[PDB]
């Protein structure tokens, strides 16, 4: 199944379009600053990203509608080294039908959703999930 496309800005003002990431695996995470698992898992994603970025897996961490400041504070506290976008009208989260939070869509290099992950991820799981979607 094709991943619904979107254009949001990252937390530096830069336009990001999902379809422009074709060729790369996309670890697409919907998150809120109040979600306890995102507090645990953000540092794991950041540490796995040190390994996977240069292997052609991108993270797009879509914050579900919170202020620029609440997101910047979260990123700073949790050592974020990966892309964060702001879903300010909650339109991408609607497009994705995102219920539970966090939710992660694993999108392969061809732009298809290969797995939907809900609930809790270990760093080992995060590693395996990024291996799933990488080109190599």
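Positions refer to the first chain, counted from 1.
Novice: Please work out which of 37 to 45 and 57 to 65 has the higher mean CA B-factor as recorded in the PDB entry.
Specialist: Going by the record's values, the stretch with the higher mean is 37 to 45.
Novice: Per the entry, where is the mean C-alpha temperature factor higher: 26 to 34 or 80 to 88?
Specialist: Looking at the recorded C-alpha B-factors, 80 to 88 comes out higher on average.
Novice: Go through 115, 127, 15, 112 one by one and give the residue whose Cα B-factor in the PDB entry is largest.
Specialist: Largest recorded C-alpha B-factor: 15.
Novice: Within this chain's modelled residues, let me know which third the CA B factor of residue 73 belongs to: lowest, middle or highest.
Specialist: Highest third, going by the recorded CA B-factors of the chain.
Novice: For residue 104, does the deposited CA B-factor place it in the lowest, middle or highest third of the chain?
Specialist: According to the entry, residue 104 has a C-alpha B-factor in the chain's lowest third.
Novice: Select lowest, middle or highest to describe the third in which the CA B-factor of residue 20 falls within its chain in this entry.
Specialist: CA B-factor rank for residue 20: middle third.
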